[PDB]
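Visitor: Residue numbers (PDB author numbering), protein chains in the order written: chain N, 2 to 61; chain M, 2 to 119; chain I, 2 to 128; chain V, 2 to 25; chain S, 2 to 85; chain C, 2 to 207; chain J, 3 to 100; chain G, 2 to 156; chain Y, 1 to 92.
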Amino acid sequence: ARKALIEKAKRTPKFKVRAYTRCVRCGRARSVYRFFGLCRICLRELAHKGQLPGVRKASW
Amino acid sequence: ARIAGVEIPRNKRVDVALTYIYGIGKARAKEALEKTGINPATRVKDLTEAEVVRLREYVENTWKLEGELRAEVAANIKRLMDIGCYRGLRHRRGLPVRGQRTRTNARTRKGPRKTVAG
Amino acid sequence: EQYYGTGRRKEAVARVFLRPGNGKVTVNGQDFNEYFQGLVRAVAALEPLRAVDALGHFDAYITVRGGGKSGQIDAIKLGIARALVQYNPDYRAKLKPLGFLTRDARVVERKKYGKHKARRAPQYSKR
Amino acid sequence: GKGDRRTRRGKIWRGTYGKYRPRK
Amino acid sequence: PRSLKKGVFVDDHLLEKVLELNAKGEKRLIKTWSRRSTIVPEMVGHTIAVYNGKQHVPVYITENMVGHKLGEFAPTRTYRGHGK
Amino acid sequence: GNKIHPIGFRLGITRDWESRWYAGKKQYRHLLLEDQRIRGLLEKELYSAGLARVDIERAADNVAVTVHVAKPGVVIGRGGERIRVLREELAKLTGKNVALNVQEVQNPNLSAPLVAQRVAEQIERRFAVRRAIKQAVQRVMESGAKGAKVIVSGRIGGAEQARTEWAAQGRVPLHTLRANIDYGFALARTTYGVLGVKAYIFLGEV
Amino acid sequence: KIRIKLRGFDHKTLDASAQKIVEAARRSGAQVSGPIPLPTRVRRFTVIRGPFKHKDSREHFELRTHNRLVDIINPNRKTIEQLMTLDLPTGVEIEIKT
Amino acid sequence: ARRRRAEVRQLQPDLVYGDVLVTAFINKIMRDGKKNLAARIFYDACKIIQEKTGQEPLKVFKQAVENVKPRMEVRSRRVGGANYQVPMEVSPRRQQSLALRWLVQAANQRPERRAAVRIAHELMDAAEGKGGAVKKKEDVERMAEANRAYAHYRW
Amino acid sequence: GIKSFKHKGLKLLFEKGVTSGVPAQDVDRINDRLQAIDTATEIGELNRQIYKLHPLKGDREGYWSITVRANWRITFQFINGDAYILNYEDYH
RNA sequence: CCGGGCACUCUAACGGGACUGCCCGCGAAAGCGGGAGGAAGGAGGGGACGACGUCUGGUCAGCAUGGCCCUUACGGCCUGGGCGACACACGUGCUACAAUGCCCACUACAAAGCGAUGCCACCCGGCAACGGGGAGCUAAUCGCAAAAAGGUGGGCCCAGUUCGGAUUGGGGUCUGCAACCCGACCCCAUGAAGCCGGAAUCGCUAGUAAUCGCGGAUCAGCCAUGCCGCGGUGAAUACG
Ligand SMILES: [Mg+2]
Ligand SMILES: [Mg+2]
Ligand SMILES: [Mg+2]
Ligand SMILES: [Mg+2]
Ligand SMILES: [Mg+2]
Ligand SMILES: [Mg+2]
Ligand SMILES: [Mg+2]
Ligand SMILES: [Mg+2]
Ligand SMILES: [Mg+2]
Ligand SMILES: [Mg+2]
Ligand SMILES: [Mg+2]
Ligand SMILES: [Mg+2]
Ligand SMILES: [Mg+2]
Ligand SMILES: [Mg+2]
Ligand SMILES: [Mg+2]
Ligand SMILES: [Mg+2]
Ligand SMILES: [Mg+2]
Ligand SMILES: [Mg+2]
Ligand SMILES: [Mg+2]
Ligand SMILES: [Mg+2]
Ligand SMILES: [Zn+2]
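(1) Along chain I, in chain order, which residues have C-beta atoms closer than 8 Å to that of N28 (chain G)?
(2) Give the range of the beta strand (DSSP E) segment to which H62 (chain J) is assigned.
(3) Beta-carbon separation of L19 (chain I) and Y88 (chain I) under 8 Å?
(4) So, do the stretch 4 to 17 of chain N and the stretch 11 to 27 of chain J have three or more beta carbon pairs nearer to each other than 8 Å?
(5) Short of 6 Å in beta carbon distance, which residues of its chain neighbour residue 184 (chain I), apart from the five on each side in sequence? Order them along the chain.
(6) Taking only the alpha-carbon atoms, compute the straight-line gap between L50 (chain I) and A61 (chain I) and give it to the nearest angstrom.
(7) Is the shortest distance between the beta-carbon of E43 (chain S) and the beta-carbons of chain M less than 8 Å?
(8) First and last residue of the beta strand (DSSP E) that includes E74 (chain G)?
(9) Along the chain, where does the beta strand (DSSP E) that runs through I27 (chain G) open and close?
(10) Using a Cβ-Cβ cut-off of 6 Å (strictly less than) and excluding sequence neighbours within five positions of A42 (chain M), which residues of its own chain qualify?
(11) Quick one: what's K63 (chain G) bridged to in DSSP?
(12) Going by the beta-carbon positions, is the gap between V41 (chain I) and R41 (chain G) smaller than 8 Å?
(13) Could you pull out every residue in the same chain whose Cβ sits closer than 7 Å to the Cβ of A168 (chain C), ignoring the five residues on either side in sequence?
(14) Compare the C-beta of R3 (chain N) with all C-beta atoms of chain J and state if any pair is closer than 8 Å.
(15) Specify the secondary structure class of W64 (chain Y) as computed by DSSP and reduced to three states.
(16) Can you give me the C-alpha to C-alpha distance between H69 (chain C) and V106 (chain C), rounded to a whole angstrom?
(17) Would you report the Cα separation of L47 (chain I) and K78 (chain I), rounded to the nearest angstrom?
(18) Taking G68 (chain I) as the reference, which of I:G30, I:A13, I:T7 and I:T103 has the closest Cα?
(19) Could you please give me the residues that DSSP links to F11 (chain J) through a beta bridge?
(20) Listing by chain order, which chain J residues have their CB less than 9 Å from the CB of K58 (chain N)?
(21) For the beta strand (DSSP E) that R20 (chain I) lies in, which residues bound it at each end?
(22) Closer than 7 Å to a non-hydrogen atom of ligand 3 - does that hold for the CB of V108 (chain I)?
(23) Looking at chain N, which residues of the stretch 13 to 27 of chain C have a Cβ within less than 8 Å of any of its Cβ atoms?
(24) Report the rounded CA-to-CA distance for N80 (chain Y) versus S4 (chain Y), giving the unit in angstroms.
(25) Keeping to the same chain, check which residues put their C-beta closer than 7 Å to that of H62 (chain J); ignore five residues upstream and five downstream.
(26) Decide yes or no for the touch test of the stretch 11 to 25 of chain N against the stretch 27 to 45 of chain J: beta carbon pairs closer than 8 Å, at least 3 of them.
(27) Listing by chain order, which chain N residues have their CB less than 8 Å from the CB of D62 (chain C)?
(28) In the DSSP assignment, what are the bridge partners of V58 (chain S)?
(29) Is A30 (chain N) close to chain J, meaning its C-beta is less than 8 Å from at least one C-beta of that chain?
(30) List the endpoints of the continuous alpha helix (DSSP H) containing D90 (chain Y).
(31) Tell me where the beta strand (DSSP E) around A13 (chain I) begins and ends.
(32) Which residue or residues does DSSP assign as beta-bridge partners of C40 (chain N)?
(33) Quick check: what's the CA-CA separation for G25 (chain C) versus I13 (chain V)?
(34) Closer than 9 Å, Cβ to Cβ, to anything on chain J: give me those residues from the stretch 55 to 85 of chain C, in chain order.
(35) Mapping the DSSP letters down to three states, classify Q51 (chain G) as helix, strand or coil.
(36) Chain S partners of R80 (chain M), CB-CB under 8 Å?
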C-alpha cells in the first residue's frame with residue numbers, strides 16, 4: 002500500500018485484466034469487498050461506528 | 002474370441018471383454034458393439050462366429066490398438082524428449098509433466114519415498 | 002363436513018383435511034402409499050388415527066410442502082393429530098399422552114465458524 | 002466415485018456437465 | 002492436450018521481424034522476451050534466443066518443434082540435482 | 002484483546018447510525034465513499050469547533066449533513082460567513098448540491114468523543130495523564146451521567162514502557178445490551194508517539 | 003392500478019412510510035390492497051476479526067433489505083394529491099409503476 | 002458425565018413388531034443414518050428367518066440376543082503397579098448394547114454376499130448357540146472367571 | 001569461514017555489504033562479529049568478553065550464541081573451523 | 001392455467017405464552033423430587049456478548065505512529081522470470097480401497113442465497129465442454145436449479161473387478177493482450193497406489209456425530225479437496 006503502487010486508479014490497464022479492486026480507504030488490496038470498496042478490516046471498523054448505513058451485526 | 006494383436010477377452014460380457022484390449026475403453030466398447038450391432042450383454046463365449054468377424058474386422062480396422070499404439074505413444078514421448086522441450090525434460094528427469102507440485106505428492110511419478118537425513 | 006389441523010416438523014408443513022369416509026389418503030395427489038412409495042416409516046403418519054380407532058371411518062386430503070419425505074411424515078402425523086381434535090375435542094385425553102400433539106422442535110443446528118459443522122471441531126497433531 | 006470425472010457423481014462433484022451428466 | 006482455439010497466437014515483435022529476414026533469406030540471431038508466442042513455419046531454420054528471465058538462450062528452431070512455444074525450449078529454474 | 006465497540010454492538014437499539022439512507026448495488030459504494038469524503042474535511046476543519054458527530058441523511062442529489070458541535074459559533078462564522086465557505090467547499094467535493102445544518106451540543110461533558118478529545122489534547126500539551134483522566138471522569142460524572150470511564154493507552158508521560166491508565170465511576174455496564182453508553186476515541190500524536198484515548202459515558206438505561 | 007414498491011433498511015421507516023401511503027389514498031381512490039410485506043433479502047459479510055492471521059476470529063455483519071407493496075387500483079386525481087407530495091422518511095426510497 | 006447420571010434415550014417401537022429392542026438392533030445396523038436401508042435389511046432378514054426356519058422371526062431374534070448377552074466381563078484396573086483385569090457382572094443395560102452390537106458385527110463378519118442374509122443367518126446361528134456372535138460372548142465370560150482371582154478388587 | 005546463512009539480512013551485510021537488513025546503528029557491531037566468526041578456526045576464538053559466548057540448550061543443542069547488543073543474538077553451528085546457519089535472532 | 005376467494009401454507013410486523021405460576025412431597029429458606037395443563041419448562045434449543053488481569057503473546061505488511069536508515073537512489077516505470085522449484089520431514093484436508101457397494105435409467109421431497117452485460121428460459125449445431133439464436137427478470141411473479149442421499153427397474157457377482165481414479169499420450173472448449181514456465185473444463189485412450197493402515201493420535205453427548213447435496217463472498221478465468229453458511233436422512237454411548 003504505497004502511493005506509488007496505487008496506480009490502480011490509472012485505468013490505463015493496457016489490457017483490462019490488469020485491473021484490481023484495492024481498498025478505497027487503506028489500499029488493502031488483499032481483502033477488498035466489492036459492495037463497499039472497503040477491505041475486510043475497514044468494513045469491520047466502519048460497521049462498528051455506524052457509518053455503514055443499515056449494516057447491523059448479524060446473529061442467528 | 003481372439004481379436005486384436007494377441008487379444009483374447011473371454012467368458013465375460015463382450016463390452017467388458019473388449020475393454021481388456023489396449024486401446025479399448027468402456028466407450029469404444031458400446032460403440033464397436035453399437036455399429037457391429039451385437040448385444041453387449043452376450044457372454045464372449047456365447048458369441049457367434051459371424052459377430053466375432055464383424056467385431057474382429059470393425060475394431061481392428063477403425064482404431065489404432067495394441068502394440069502399434071504403445072509404439073505411437075512411446076514414439077511421441079521420445080519426440081518432445083529429443084527436442085529441448087521442457088515437457089520432454091520432465092520425462093527424462095522422471096518428474097510430473099502436467100505442471101503439478103513436486104514438493105510433496107508426486108509418488109505416482111517418483112516411486113517409493115527415498116528418505117534422507119534431515 | 003370437514004376437519005383441519007396443520008402440523009409442522011423439522012421444517013415441513015402439512016395441511017391435513019379429515020372427512021368422514023372410507024379411510025384413504027391423497028397426499029399431494031398421489032395415494033398415501035404412492036407419495037411414500039417404499040419408506041418403512043410412512044406408517045407413522047396415520048398412527049394418530051389408529052390411536053382412536055379412526056382411519057376406517059375417516060378420510061384425508063393432504064397438502065405437504067417443505068423439507069423431506071421424512072419430516073413430512075411427521076408433520077402429516079401431527080396434522081392428522083390436530084385435525085382429529087377439532088372434530089372430537091375429547092380425543093386429547095388419549096391422543097396427547099402419546100405425545101402426538103407436540104411439535105418436535107428439533108431443527109438443524111447453525112454452522113458456527115471456526116468449526117467444521119456447528120460442533121465437529123477441526124483436528125490437530127502434535128499439539 | 003466422487004472422483005471419476007467421467008461418471009454421474011464425478012460430474013456432480015466437480016459441478017459440471019458433459020457426456021456423463023447432460024443438462025437433460 | 003493443449004489448446005488455444007482459433008487464431009494461433011504469436012507476438013509480432015519477432016514475427017514481423019523474423020519474416021523481414023525471410024526476404025534476405027535468414028540472418029544471424031534474434032532475441033525476444035516473447036516466450037509467450039507459438040512457433041510458425043517461417044521460424045524454422047532460424048535461431049531465436051529466448052529469455053530465461055535472466056539470460057538470452059540460443060534456440061535453433063527446427064520443423065519437429067513447430068507447434069510448440071519457444072519458452073518450452075528456454076528452461077527457467079535450474080535444479081541440476083538435489084545434494085548430496 | 003477482547004470486547005466489541007459499545008456502539009456497533011448496540012446499533013439495533015440505544016444508538017442510531019451516522020448515515021441513514023437507502024441505496025444499493027451500483028451506488029452504495031459510491032454513495033458511501035462520498036460520506037467519508039464529507040466527514041474527512043469536517044473533522045480536518047471544525048476541530049476547534051468541537052466535532053462530535055456528522056449525521057448524513059439523503060433522498061436524491063439533496064444531501065443532509067448535520068454537524069454537531071460544542072461551539073456552534075466557530076462553525077457558522079461571522080454573521081454566517083464561514084458556513085458559506087464550507088457549505089461551498091462542500092459542493093466542490095460533491096456536485097450533489099447539499100445542505101449543512103448545525104446543532105449545538107448540550108453539555109460537551111456528556112459527549113464521549115468530546116471528553117476523549119478533551120483528554121487527548123491535554124496529553125498532547127504535556128499534562129499529567131492520571132490527573133487529566135481523573136478530572137475528566139469527574140467533569141463527566143459531575144454533570145449528569147449515571148456512569149463514566151476514561152482510558153489512556155501507553156507511554157504515559159513519555160515513559161519508555163507503554164502503560165495503561167484507568168478511572169471510572171458509577172455503573173458502566175458494557176455487557177448490558179441496552180445501557181446507552183456513549184463511546185468516544187481520541188488519538189494524540191506526540192514527540193514520543195501516538196497514545197489513544199477512550200471515553201465511556203453511561204446515561205439512563207431503558 | 004398504481005403499483006407502489008417500497009424498500010428500506012429500517013423495518014419501521016417503512017411500516018411508517020408505506021402506512022402513510024395507505025391512510026392517505028384511502029380517501030381518494032379504491033381502498034388499497036393493504037401494505038403487503040414481501041420477503042427480505044439479507045447480505046452477509048463474514049470477516050476475520052483482526053488483521054494478520056487468526057483465521058478463526060470472524061464476527062458476522064448483515065445488510066438486510068426490506069420490501070413493501072400496497073397497490074392502489076382505481077387511481078383518482080385526489081389520490082395522486084394526498085400522496086404526490088406528502089412523504090417524510092429519509093431511510094426510504096420508492097419506485098412506482100402504475 | 003460428571004454431573005447427572007445420563008438417562009437412557011427411549012426409542013420409538015418397531016413399525017412392524019412395535020418392539021423397541023428391534024429398533025435398537027436396526028439402529029446398530031444403520032450407517033450414515035440411512036435408516037431405510039437399515040430397516041429393510043432387518044425385515045428382509047426376518048423373512049429369511051421365516052422361510053429357512055418355520056419359526057416366527059421375532060422370537061428367533063430375541064432368543065439370539067439372549068444367548069449373546071455376556072453375564073460377566075473383565076474390566077481393567079490399576080492396582081499397585083500392574084493393571085489387573087477385574088471380573089464383574091454386567092448391567093442389564095450394557096448386556097443389550099453388547100449383544101446387539103456383537104450380533105451386527107459377527108453378522109458383517111460372515112461370507113454370504115447379501116447383507117440381509119448375513120443378519121438372517123447370524124441370528125439363527127445365535128439362537129442355536131453357535132456363530133461368531135456367541136463366540137465373543139462366551140469368550141468374554143471365559144476371560145472373566147479366568148481372572149477370578151483379582152475379583153477381590155470387586156470395584 | 002562462514003558457509004551458510006539462515007538470516008537474509010545477515011547474509012546481505014556480509015556478502016554484498018547491504019546494510020538494509022540490520023539495524024542502522026548495529027551495522028559496525030554486526031560486521032566485526034561476523035568477521036570474527038569468519039576468521040575463527042575454532043570456537044575458542046569466539047570467546048572475547050564482549051561476545052558473551054555460550055552453547056544453547058534443549059532443541060537448540062549444537063548451536064552457539066554471541067551477543068550483538070541488548071536482547072539480540074547471532075546464533076550458529078560451529079564445526080571444523082566453519083560456522084553454519086548464521087541467524088540474527090531474538091532470545092524470545 | 002381462467003374467473004374468483006383470503007380461508008390455509010407462507011411472507012414480515014406486532015401481540016400473546018413459561019413465572020417452579022398451579023397440585024402433592026421434603027426443606028428454615030433457597031430449592032430438590034413428582035404430577036396436571038401446555039407447542040414448549042424449571043436456563044426449551046442455537047447465537048451476539050468474554051471481567052481485573054496473564055503470555056515483553058500477534059501484527060510497524062492494512063492503516064496510524066516515536067526513533068533509526070535510504071535518497072540517481074533502500075525510491076519509480078517496464079518486459080521477462082520467481083512466489084508453482086525437490087532427495088526428503090510434518091500439519092490440515094480430498095478421494096478411496098467396495099456388494100449397507102459401483103453403474104445406467106426412470107421417478108420424489110429442501111433451505112438459504114445470488115443475477116446488467118448479469119442469471120440465462122427455449123430452439124438449433126456439437127458425444128461434449130461450448131458455440132449461434134433468443135424470451136423473460138430490473139428479480140416472493142423470470143434465471144442460476146439438477147438438490148444429492150432416497151424410491152422403482154436393470155446391469156456387475158467378489159475380481160484389484162462395471163471397485164479406485166493417480167499418471168501419461170492425443171483432440172478440443174473457454175476466459176484473458178497473453179494460459180511454456182503456470183488456468184479450469186470437455187471427449188478418447190491410459191488406468192497407478194490402494195484389499196482398511198505401526199508406534200502414536202483427533203472429533204463429537206441429538207437433530208449432535210456420521211452421511212448427502214445446495215448457495216455465497218473473493219472473482220476475467222482459476223488451481224475451492226479451503227472458508228463462511230444452507231437444508232436432507234439421522235445414531236451409539238456415558239457405570240462412573
Ligand atoms: Mg504507506
Ligand atoms: Mg484480476
Ligand atoms: Mg447438515
Ligand atoms: Mg476457541
Ligand atoms: Mg467407477
Ligand atoms: Mg516496431
Ligand atoms: Mg482452519
Ligand atoms: Mg472465541
Ligand atoms: Mg554462560
Ligand atoms: Mg415454592
Ligand atoms: Mg450475558
Ligand atoms: Mg515478543
Ligand atoms: Mg505460497
Ligand atoms: Mg509442519
Ligand atoms: Mg472422507
Ligand atoms: Mg444435441
Ligand atoms: Mg437394480
Ligand atoms: Mg475402517
Ligand atoms: Mg469465481
Ligand atoms: Mg461447494
Ligand atoms: Zn481498508
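In this text, a Cβ means the ideal position worked out from N, Cα and C, and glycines have one as well.
Guide: From the atom records:
(1) Along the eighth sequence, read from residue 1 onward, the residue named residue 28 (chain G) stands at position 27. Result: empty, since nearest Cβ-Cβ is about 13 Å, beyond 8 Å.
(2) Reading the seventh sequence from its first residue, position 60 is the one you call residue 62 (chain J). Where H62 (chain J) is concerned, the enclosing beta strand (DSSP E) stretches over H62 to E64.
(3) Locating residue 19 (chain I) in the third sequence gives position 18, counting from the first residue. Locating residue 88 (chain I) in the third sequence gives position 87, counting from the first residue. A contact, by the Cβ cut-off of 8 Å.
(4) Contact fails: fewer than three Cβ-Cβ distances are below 8 Å.
(5) Given a span of 2 to 128 for chain I in the structure shown, any question on residue 184 (chain I) remains unanswerable.
(6) In the third sequence, residue 50 (chain I) corresponds to position 49, counting from 1. In the third sequence, residue 61 (chain I) corresponds to position 60, counting from 1. Here the alpha carbons of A61 (chain I) and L50 (chain I) stand approximately 11 Å from one another.
(7) Within the fifth sequence, the letter at position 42 stands for residue 43 (chain S). No, its Cβ sits nowhere closer than 8 Å to a Cβ of chain M.
(8) Looking up residue 74 (chain G) in the eighth sequence gives position 73. Where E74 (chain G) is concerned, the enclosing beta strand (DSSP E) stretches over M73 to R76.
(9) By 1-based counting over the eighth sequence, the position of residue 27 (chain G) is 26. Where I27 (chain G) is concerned, there is no enclosing beta strand (DSSP E), although the alpha helix (DSSP H) it sits in stretches over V21 to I30.
(10) Numbered from 1 along the second sequence, position 41 holds the residue referred to as residue 42 (chain M). Excluding residues within five positions, the ones whose Cβ falls inside 6 Å are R14.
(11) As a working note, residue 63 (chain G) is residue 62 in the eighth sequence. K63 (chain G) is bridged by DSSP to nothing; it lacks a bridge partner.
(12) As a position in the third sequence, residue 41 (chain I) is number 40, starting the count at 1. As a position in the eighth sequence, residue 41 (chain G) is number 40, starting the count at 1. Against a cut-off of 8 Å, the Cβ pair of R41 (chain G) and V41 (chain I) comes out as a contact.
(13) As a working note, residue 168 (chain C) is residue 167 in the sixth sequence. Only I134, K135, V138, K150 and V151 meet the Cβ criterion.
(14) By 1-based counting over the first sequence, the position of residue 3 (chain N) is 2. Output row for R3 (chain N): interface = no.
(15) Reading the ninth sequence from its first residue, position 64 is the one you call residue 64 (chain Y). Correct three-state label for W64 (chain Y): strand.
(16) Taking the first residue of the sixth sequence as 1, we reach residue 69 (chain C) at position 68. Taking the first residue of the sixth sequence as 1, we reach residue 106 (chain C) at position 105. Rounded to the nearest angstrom, the two C-alpha atoms are 6 Å apart.
(17) Working through the third sequence from its first residue, we reach residue 47 (chain I) at position 46. Working through the third sequence from its first residue, we reach residue 78 (chain I) at position 77. Roughly 6 Å separates the two Cα atoms.
(18) The count along the third sequence starts at 1 and reaches residue 68 (chain I) at position 67. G68 (chain I) has its Cα closest to that of I:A13, out of I:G30, I:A13, I:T7 and I:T103.
(19) Position 9 of the seventh sequence, counted from the first residue, corresponds to residue 11 (chain J). Answer by DSSP bridge pairing: none, since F11 (chain J) is not bridged.
(20) Indexing the first sequence from 1 puts residue 58 (chain N) at position 57. Under the 9 Å cutoff, chain J gives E61, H62, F63 and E64.
(21) Here residue 20 (chain I) is taken as the residue at index 19 of the third sequence, counted from 1. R20 (chain I) -> no beta strand (DSSP E), and no H or E assigned at all.
(22) Residue 108 (chain I) sits at position 107 when you count from the first residue of the third sequence. Checking every heavy atom of ligand 3 against the Cβ of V108 (chain I), none is found closer than 7 Å.
(23) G13, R16, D17, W18, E19, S20, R21, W22, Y23, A24 and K26
(24) Reading the ninth sequence from its first residue, position 80 is the one you call residue 80 (chain Y). Reading the ninth sequence from its first residue, position 4 is the one you call residue 4 (chain Y). Computed Cα separation, rounded: 14 Å.
(25) Here residue 62 (chain J) refers to the residue found at position 60 when the seventh sequence is read from its first residue. So the qualifying residues of the chain are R46 and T48.
(26) no
(27) As a working note, residue 62 (chain C) is residue 61 in the sixth sequence. None at all; the shortest Cβ gap to chain N is about 17 Å.
(28) Stepping through the fifth sequence from its first residue, residue 58 (chain S) is reached at position 57. Paired residues: S:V51.
(29) What you label residue 30 (chain N) is simply residue 29 of the first sequence in a count that begins at 1. For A30 (chain N), the answer is no, since every Cβ of chain J falls outside 8 Å of its Cβ.
(30) On the ninth sequence, residue 90 (chain Y) is found 90 positions in, with the first residue counted as 1. Taken as a continuous stretch (DSSP letters only), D90 (chain Y) belongs to no alpha helix (DSSP H), being part of the beta strand (DSSP E) at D82 to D90.
(31) For this step, residue 13 (chain I) is matched to residue 12 along the third sequence. That residue, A13 (chain I), is in no beta strand (DSSP E); it is neither H nor E in DSSP.
(32) Residue 40 (chain N) sits at position 39 when you count from the first residue of the first sequence. Per DSSP, N:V33.
(33) Stepping through the sixth sequence from its first residue, residue 25 (chain C) is reached at position 24. Stepping through the fourth sequence from its first residue, residue 13 (chain V) is reached at position 12. For the pair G25 (chain C) and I13 (chain V), the Cα-to-Cα distance works out to about 34 Å.
(34) Within the stretch 55 to 85 of chain C, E58, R59, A60, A61 and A65 place their CB atoms closer than 9 Å to a CB of chain J, listed in sequence order.
(35) Counted from its first residue, the eighth sequence places residue 51 (chain G) at position 50. Helix, per DSSP.
(36) Walking along the second sequence from the start, residue 80 (chain M) turns up at place 79. Under the 8 Å cutoff, chain S gives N65.
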